[PDB]
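Student: Here you go, model-v8.cif (mmCIF, C-alpha atoms):
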data_final
#
loop_
_atom_site.label_atom_id
_atom_site.label_comp_id
_atom_site.auth_asym_id
_atom_site.auth_seq_id
_atom_site.Cartn_x
_atom_site.Cartn_y
_atom_site.Cartn_z
CA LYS O 4 66.81 69.18 78.17
CA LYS O 5 67.75 72.40 76.42
CA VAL O 6 69.09 72.61 72.87
CA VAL O 7 71.83 75.05 71.92
CA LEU O 8 72.50 75.51 68.19
CA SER O 9 75.96 76.79 67.19
CA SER O 10 76.39 78.37 63.74
CA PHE O 11 79.46 76.34 62.84
CA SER O 12 81.82 73.57 63.95
CA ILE O 13 84.30 75.67 65.93
CA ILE O 14 81.57 77.26 68.12
CA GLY O 15 79.85 73.89 68.56
CA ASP O 16 83.03 72.35 69.89
CA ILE O 17 83.71 75.22 72.30
CA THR O 18 80.14 75.04 73.57
CA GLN O 19 80.37 71.23 74.10
CA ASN O 20 83.43 71.74 76.28
CA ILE O 21 81.59 74.24 78.46
CA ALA O 22 78.19 72.46 78.60
CA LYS O 23 79.45 68.84 78.82
CA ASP O 24 76.10 67.26 78.10
CA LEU O 25 74.05 69.53 80.38
CA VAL O 26 72.38 70.71 77.14
CA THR O 27 72.25 69.19 73.65
CA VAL O 28 74.70 71.09 71.44
CA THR O 29 73.91 71.12 67.70
CA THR O 30 75.72 72.68 64.76
CA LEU O 31 74.34 74.33 61.63
CA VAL O 32 77.39 74.55 59.34
CA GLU O 33 79.06 71.26 60.02
CA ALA O 34 82.80 70.62 59.56
CA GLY O 35 83.84 70.84 55.92
CA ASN O 36 81.13 73.28 54.82
CA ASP O 37 81.81 77.00 54.44
CA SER O 38 79.50 79.52 56.08
CA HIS O 39 79.63 81.82 53.07
CA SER O 40 76.52 81.09 50.99
CA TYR O 41 75.84 77.82 53.12
CA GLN O 42 72.58 76.34 52.05
CA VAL O 43 70.24 75.92 55.03
CA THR O 44 68.32 72.68 54.41
CA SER O 45 64.89 71.57 55.64
CA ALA O 46 66.66 69.43 58.28
CA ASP O 47 68.54 72.47 59.30
CA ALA O 48 65.28 74.35 59.76
CA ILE O 49 64.34 71.63 62.34
CA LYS O 50 67.59 72.38 64.23
CA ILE O 51 66.64 76.05 64.19
CA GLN O 52 63.10 75.35 65.54
CA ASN O 53 64.52 73.12 68.29
CA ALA O 54 67.04 75.70 69.47
CA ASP O 55 66.52 77.27 72.89
CA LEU O 56 69.57 79.45 72.18
CA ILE O 57 71.51 80.19 68.96
CA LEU O 58 75.24 80.94 69.13
CA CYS O 59 76.72 82.93 66.25
CA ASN O 60 80.18 84.24 65.44
CA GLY O 61 79.00 87.57 64.19
CA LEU O 62 81.55 89.66 62.36
CA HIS O 63 79.36 88.90 59.29
CA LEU O 64 80.23 85.21 59.31
CA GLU O 65 76.56 84.25 59.18
CA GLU O 66 75.44 87.13 56.99
CA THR O 67 74.15 85.00 54.08
CA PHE O 68 71.89 82.86 56.37
CA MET O 69 70.82 85.12 59.23
CA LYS O 70 67.47 85.32 57.47
CA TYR O 71 66.83 81.66 58.33
CA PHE O 72 66.97 82.44 62.05
CA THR O 73 63.31 83.48 62.06
CA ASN O 74 60.00 82.01 63.24
CA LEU O 75 62.02 80.99 66.27
CA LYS O 76 60.82 79.36 69.47
CA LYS O 77 59.54 81.94 72.00
CA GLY O 78 62.38 83.02 74.24
CA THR O 79 65.13 81.85 71.93
CA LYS O 80 67.89 84.45 71.65
CA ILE O 81 70.69 84.85 69.12
CA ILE O 82 73.97 85.43 70.91
CA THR O 83 77.06 86.87 69.23
CA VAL O 84 79.94 85.09 70.90
CA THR O 85 82.56 87.68 69.69
CA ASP O 86 80.95 90.49 71.80
CA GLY O 87 83.83 92.57 73.22
CA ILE O 88 86.35 91.66 70.47
CA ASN O 89 87.53 94.81 68.68
CA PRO O 90 86.97 94.01 64.97
CA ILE O 91 89.75 94.05 62.42
CA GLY O 92 88.63 95.24 59.01
CA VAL O 93 88.98 93.42 55.71
CA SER O 94 90.71 96.51 54.48
CA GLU O 95 94.47 95.70 54.40
CA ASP O 96 94.48 99.60 54.26
CA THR O 97 93.21 100.54 57.77
CA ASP O 100 86.60 101.57 57.17
CA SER O 101 85.38 98.20 55.83
CA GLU O 102 83.60 94.93 56.48
CA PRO O 103 84.91 92.98 59.50
CA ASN O 104 87.24 90.03 59.20
CA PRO O 105 85.40 87.15 60.92
CA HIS O 106 88.40 85.01 61.98
CA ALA O 107 88.47 86.22 65.63
CA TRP O 108 88.80 82.66 66.99
CA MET O 109 92.45 82.45 65.76
CA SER O 110 93.77 84.05 68.94
CA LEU O 111 94.63 82.94 72.47
CA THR O 112 93.08 86.03 74.02
CA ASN O 113 89.94 85.68 71.95
CA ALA O 114 89.56 81.98 72.75
CA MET O 115 89.01 83.15 76.37
CA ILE O 116 86.36 85.68 75.24
CA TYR O 117 84.44 83.11 73.11
CA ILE O 118 84.47 80.85 76.16
CA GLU O 119 83.28 83.56 78.53
CA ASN O 120 80.49 84.76 76.26
CA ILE O 121 79.28 81.18 75.80
CA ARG O 122 79.50 80.44 79.53
CA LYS O 123 77.49 83.57 80.20
CA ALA O 124 74.77 82.70 77.66
CA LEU O 125 74.53 79.07 78.86
CA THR O 126 74.18 80.31 82.41
CA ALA O 127 71.40 82.75 81.53
CA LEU O 128 69.62 80.04 79.60
CA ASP O 129 70.09 77.37 82.32
CA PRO O 130 70.78 79.07 85.66
CA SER O 131 70.29 75.97 87.81
CA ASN O 132 73.58 74.70 86.29
CA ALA O 133 75.53 77.94 86.80
CA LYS O 134 78.12 76.33 89.11
CA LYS O 135 78.79 73.61 86.56
CA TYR O 136 79.19 75.98 83.57
CA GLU O 137 81.47 78.12 85.77
CA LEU O 138 83.76 75.20 86.63
CA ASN O 139 83.66 73.83 83.10
CA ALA O 140 84.52 77.16 81.50
CA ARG O 141 87.55 77.63 83.80
CA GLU O 142 88.79 74.06 83.12
CA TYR O 143 88.47 74.58 79.44
CA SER O 144 90.10 78.02 79.40
CA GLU O 145 93.02 76.49 81.34
CA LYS O 146 93.26 73.51 78.95
CA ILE O 147 93.60 75.92 75.98
CA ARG O 148 96.12 78.15 77.80
CA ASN O 149 98.14 75.09 78.80
CA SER O 150 98.41 73.86 75.19
CA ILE O 151 98.69 77.12 73.40
CA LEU O 152 100.81 79.33 75.62
CA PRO O 153 104.01 77.32 75.13
CA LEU O 154 103.60 77.85 71.35
CA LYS O 155 103.16 81.63 71.92
CA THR O 156 106.21 81.65 74.06
CA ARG O 157 108.26 80.06 71.26
CA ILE O 158 106.72 82.30 68.57
CA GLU O 159 107.68 85.41 70.58
CA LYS O 160 111.38 84.57 70.24
CA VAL O 161 111.19 85.26 66.45
CA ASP O 162 113.57 88.01 65.27
CA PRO O 163 111.60 91.24 64.74
CA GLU O 164 112.31 91.19 60.98
CA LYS O 165 110.70 87.80 60.58
CA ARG O 166 107.54 88.79 62.41
CA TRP O 167 105.08 88.12 59.56
CA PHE O 168 102.23 85.70 59.22
CA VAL O 169 101.61 85.31 55.42
CA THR O 170 98.61 83.32 54.33
CA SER O 171 96.20 82.87 51.38
CA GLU O 172 92.97 83.89 53.08
CA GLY O 173 93.23 86.71 55.71
CA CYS O 174 92.74 84.13 58.36
CA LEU O 175 95.46 85.12 60.92
CA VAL O 176 94.86 88.87 61.31
CA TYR O 177 93.57 88.42 64.92
CA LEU O 178 96.48 86.04 65.74
CA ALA O 179 98.88 88.69 64.42
CA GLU O 180 97.34 91.32 66.65
CA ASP O 181 97.33 89.01 69.67
CA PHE O 182 100.98 88.02 69.33
CA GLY O 183 102.43 91.26 67.86
CA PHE O 184 103.11 90.12 64.24
CA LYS O 185 102.29 91.82 60.95
CA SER O 186 100.09 89.96 58.47
CA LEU O 187 99.96 89.63 54.72
CA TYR O 188 97.50 87.68 52.65
CA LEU O 189 96.10 87.17 49.15
CA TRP O 190 92.36 87.66 49.80
CA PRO O 191 90.41 88.65 52.94
CA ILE O 192 87.74 85.95 52.86
CA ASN O 193 87.81 82.84 50.59
CA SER O 194 84.47 83.19 48.84
CA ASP O 195 84.78 85.72 45.96
CA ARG O 198 89.12 87.98 43.89
CA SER O 199 92.07 90.28 43.45
CA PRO O 200 95.12 90.44 41.21
CA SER O 201 96.33 93.61 42.99
CA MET O 202 96.23 91.98 46.41
CA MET O 203 98.46 89.24 45.01
CA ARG O 204 100.76 91.86 43.47
CA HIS O 205 100.95 93.70 46.81
CA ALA O 206 101.78 90.51 48.73
CA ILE O 207 104.53 89.63 46.28
CA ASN O 208 105.97 93.12 46.56
CA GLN O 209 105.78 93.07 50.36
CA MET O 210 107.42 89.69 50.64
CA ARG O 211 110.30 90.71 48.42
CA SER O 212 110.59 94.01 50.25
CA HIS O 213 110.74 92.43 53.73
CA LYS O 214 112.50 89.16 52.70
CA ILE O 215 109.58 87.13 53.95
CA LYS O 216 110.42 83.45 53.88
CA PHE O 217 107.13 81.53 53.97
CA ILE O 218 103.55 81.68 52.81
CA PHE O 219 100.79 79.24 53.81
CA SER O 220 97.50 78.05 52.36
CA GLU O 221 94.60 76.68 54.31
CA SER O 222 92.49 73.52 54.52
CA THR O 223 89.43 74.85 52.64
CA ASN O 224 91.20 76.63 49.78
CA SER O 225 93.63 76.03 46.97
CA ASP O 226 97.37 75.87 47.49
CA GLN O 227 98.05 77.11 43.96
CA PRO O 228 98.13 80.85 44.62
CA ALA O 229 100.44 80.47 47.66
CA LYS O 230 102.84 78.33 45.73
CA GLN O 231 102.81 80.72 42.81
CA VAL O 232 103.58 83.62 45.17
CA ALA O 233 106.36 81.60 46.80
CA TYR O 234 107.91 81.09 43.41
CA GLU O 235 107.66 84.74 42.40
CA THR O 236 109.09 85.84 45.75
CA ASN O 237 111.89 83.26 46.18
CA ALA O 238 110.01 82.31 49.34
CA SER O 239 108.89 78.82 50.47
CA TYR O 240 105.43 77.36 50.51
CA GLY O 241 104.79 76.69 54.22
CA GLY O 242 101.98 74.11 53.77
CA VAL O 243 98.39 73.86 54.95
CA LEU O 244 96.87 75.42 58.05
CA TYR O 245 93.50 74.62 59.61
CA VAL O 246 91.54 77.84 60.30
CA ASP O 247 87.97 77.96 58.94
CA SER O 248 86.50 74.55 60.00
CA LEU O 249 87.32 71.67 62.26
CA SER O 250 88.77 68.77 60.33
CA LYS O 251 87.08 65.42 59.93
CA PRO O 252 87.28 63.37 63.16
CA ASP O 253 90.34 61.37 62.01
CA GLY O 254 92.09 64.55 60.69
CA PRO O 255 94.50 66.70 62.67
CA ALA O 256 92.07 69.36 63.91
CA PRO O 257 88.86 67.64 65.10
CA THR O 258 88.40 70.10 68.05
CA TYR O 259 88.96 73.85 68.53
CA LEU O 260 91.95 73.24 70.82
CA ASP O 261 93.44 70.81 68.29
CA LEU O 262 92.90 73.38 65.54
CA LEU O 263 94.69 76.12 67.40
CA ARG O 264 97.44 73.73 68.45
CA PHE O 265 97.95 72.30 64.94
CA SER O 266 98.04 75.63 63.16
CA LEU O 267 100.20 77.47 65.66
CA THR O 268 102.61 74.47 65.85
CA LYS O 269 102.93 74.48 62.10
CA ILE O 270 103.59 78.25 62.18
CA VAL O 271 106.27 78.09 64.82
CA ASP O 272 107.87 75.06 63.10
CA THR O 273 108.06 77.01 59.89
CA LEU O 274 109.42 80.23 61.42
CA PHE O 275 112.18 78.42 63.36
#
If you took the structure in this file and wrote it as structure tokens, what would it be?

Tutor:
Amino acid sequence: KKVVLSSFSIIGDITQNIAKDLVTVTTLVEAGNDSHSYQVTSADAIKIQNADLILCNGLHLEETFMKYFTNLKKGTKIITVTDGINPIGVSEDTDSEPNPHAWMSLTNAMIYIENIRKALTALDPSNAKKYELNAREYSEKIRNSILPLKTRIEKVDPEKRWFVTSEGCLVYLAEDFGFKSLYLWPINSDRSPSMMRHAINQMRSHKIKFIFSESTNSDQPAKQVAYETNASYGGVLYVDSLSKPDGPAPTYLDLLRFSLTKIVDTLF
């Protein structure tokens, strides 16, 4: 039985929905750890040796630990599951490092699924028909949950078309749904007084009503910005990790559904 190692919780969960126990799906950066400067342990090195296939986000998400994906089993490939997603830069002034949060998008969910289906199929071609069926079922499951939220979101008045967050975690969502985005820092692990100043100025300027924080960072900056802008703190979104199993976002679908529900509930 083949072993497929995903770099972090969100990719592991996607892969499990496509493979459904045809392969053993493992995860390196488990829920509640952050990929940036993640410490690869000796146990983790066993996971890496066992892998017949390694599934990464790319977009620099794994940059601090790519070096551990060495001395690999013969034949074991590293697949970048964001292949075909046009990157959005960490420059809020659009050349720069890529923003890794491509999974926060309905369109991109379908691409992650397709790239994983394709890699599973190449790895394990005798199960092609099964991965094919499973990938379609899963794609449909996500569309069925998430599209009605999009449909509601799209009714927002053009002037209120802003997703404002702490980390730059919704830039791909913004692009997918036709919203502008504002944030305080591009990626959590640093930080910038002038980016805060800019956000405050932009919110005042466009009468933006809400700003969110996220499940792996502090709410303090968002609340401070809300105060300085006469805006409201919108609460906590789940974007960078699955939650714990008894939390609100224990699967990738549940993560998308929770966060986009909270967004639409805040906008309307």

Student: Just want the 9 Å neighbourhood of residue O:40, counted on all atoms listed in the file, with same-chain residues fewer than 4 positions away dropped. Output as a PyMOL selection string.

Tutor: chain O and resi 65-68+194

Student: Which of these, O:260, O:49, O:84, O:26, has the shortest distance to residue O:145 once you count only C-alpha atoms?

Tutor: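 Going through O:260, O:49, O:84, O:26 one by one, the smallest distance to residue O:145 is for O:260.
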
Student: Identify all residues satisfying the PyMOL selection byres ((chain O and resi 213-228) around 7) in the given file; provide them as a ChimeraX atom specification.

Tutor: /O:165,169-171,209-212,229-233,238-246

Student: What does the distance between atom CA of residue O:139 and atom CA of residue O:90 come to in Å, to one decimal place?

Tutor: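 These two atoms are separated by 27.3 Å.
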
Student: Measuring atom to atom with only C-alpha atoms, identify which of O:115, O:257, O:150, O:95 is nearest to residue O:185.

Tutor: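 Distance minimum relative to residue O:185 lands on O:95.
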
Student: Assuming the chain letters and numbering stay as they are in my file, what does the PyMOL selection byres ((chain O and resi 161) around 12) actually select? List them as number ranges by chain.

Tutor: O: 154-160, 162-168, 182-184, 270-275

Student: Kindly indicate which residue among O:149, O:120, O:85, O:237 lies nearest to residue O:106, using only C-alpha atoms for the distances.

Tutor: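 Closest candidate: O:85.
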
Student: So, with only C-alpha atoms as the atoms that count, which of O:108, O:234, O:143, O:72 lies closest to residue O:13?

Tutor: O:108

Student: For the atom pair atom CA of residue O:87 and atom CA of residue O:48, what is the interatomic distance in Å to one decimal place?

Tutor: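 One can read the atom CA of residue O:87 to atom CA of residue O:48 distance as 29.3 Å.
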
Student: Counting only C-alpha atoms, select every polymer residue within 8 Å of (98.2, 87.5, 52.0) as defined in the file's coordinates, and provide the selection as a tab-separated table (two decimals) with C-alpha atoms, in the coordinates of the input.

Tutor:
chain	number	residue	atom	x	y	z
O	169	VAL	CA	101.61	85.31	55.42
O	170	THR	CA	98.61	83.32	54.33
O	171	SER	CA	96.20	82.87	51.38
O	172	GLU	CA	92.97	83.89	53.08
O	173	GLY	CA	93.23	86.71	55.71
O	186	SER	CA	100.09	89.96	58.47
O	187	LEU	CA	99.96	89.63	54.72
O	188	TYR	CA	97.50	87.68	52.65
O	189	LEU	CA	96.10	87.17	49.15
O	190	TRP	CA	92.36	87.66	49.80
O	191	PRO	CA	90.41	88.65	52.94
O	202	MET	CA	96.23	91.98	46.41
O	203	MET	CA	98.46	89.24	45.01
O	206	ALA	CA	101.78	90.51	48.73
O	218	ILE	CA	103.55	81.68	52.81

Student: Within 10 Å of residue O:112, counting all atoms listed in the file, which residues qualify if same-chain residues fewer than 4 places away don't, as an NGL selection string?

Tutor: :O and (88 or 107-108 or 116-117 or 148 or 177-178 or 181-182)

Student: Work out how far atom CA of residue O:153 is from atom CA of residue O:123, in Å to one decimal.

Tutor: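 The value is 27.7 Å.
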
Student: Neighbouring residues of residue O:14 were defined as those with any atom within 10 Å, considering all atoms listed in the file; residues of the same chain fewer than 4 positions away were excluded. Please report them as a ChimeraX atom specification.

Tutor: /O:8-10,18-19,28-30,58-60,84,108,117-118,121,248-249,258-259

Student: Could you please take those selected residues and save C-alpha atoms as a PDB file, in the frame of the given file?

Tutor:
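Result went into selection-v9.pdb, see below:
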ATOM      1  CA  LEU O   8      72.500  75.510  68.190  1.00  0.00           C
ATOM      2  CA  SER O   9      75.960  76.790  67.190  1.00  0.00           C
ATOM      3  CA  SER O  10      76.390  78.370  63.740  1.00  0.00           C
ATOM      4  CA  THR O  18      80.140  75.040  73.570  1.00  0.00           C
ATOM      5  CA  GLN O  19      80.370  71.230  74.100  1.00  0.00           C
ATOM      6  CA  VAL O  28      74.700  71.090  71.440  1.00  0.00           C
ATOM      7  CA  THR O  29      73.910  71.120  67.700  1.00  0.00           C
ATOM      8  CA  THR O  30      75.720  72.680  64.760  1.00  0.00           C
ATOM      9  CA  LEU O  58      75.240  80.940  69.130  1.00  0.00           C
ATOM     10  CA  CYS O  59      76.720  82.930  66.250  1.00  0.00           C
ATOM     11  CA  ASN O  60      80.180  84.240  65.440  1.00  0.00           C
ATOM     12  CA  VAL O  84      79.940  85.090  70.900  1.00  0.00           C
ATOM     13  CA  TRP O 108      88.800  82.660  66.990  1.00  0.00           C
ATOM     14  CA  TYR O 117      84.440  83.110  73.110  1.00  0.00           C
ATOM     15  CA  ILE O 118      84.470  80.850  76.160  1.00  0.00           C
ATOM     16  CA  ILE O 121      79.280  81.180  75.800  1.00  0.00           C
ATOM     17  CA  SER O 248      86.500  74.550  60.000  1.00  0.00           C
ATOM     18  CA  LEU O 249      87.320  71.670  62.260  1.00  0.00           C
ATOM     19  CA  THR O 258      88.400  70.100  68.050  1.00  0.00           C
ATOM     20  CA  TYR O 259      88.960  73.850  68.530  1.00  0.00           C
TER      21      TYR O 259
END

Student: Taking into account only C-alpha atoms, which residue in the set O:74, O:55, O:12, O:119 is nearest to residue O:37?

Tutor: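 Once distances to residue O:37 are computed over only C-alpha atoms, the minimum belongs to O:12.
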
Student: Go through O:44, O:114, O:174, O:22 and flag the residue nearest residue O:152, using all atoms listed in the file for the distances.

Tutor: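 So, comparing all the options, the nearest one is O:114.
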
Student: Please report, as a Markdown table, each residue of stretch 40-115 of chain O lying at most 9 Å from stretch 261-268 of chain O, together with the nearest pair of atoms and the separation in Å rounded to one decimal; use only C-alpha atoms, and order rows by chain and ascending residue number.

Tutor:
| residue | atom | partner | partner_atom | distance |
| --- | --- | --- | --- | --- |
| O:108 | CA | O:263 | CA | 8.8 |
| O:109 | CA | O:263 | CA | 6.9 |
| O:110 | CA | O:263 | CA | 8.1 |
| O:111 | CA | O:263 | CA | 8.5 |
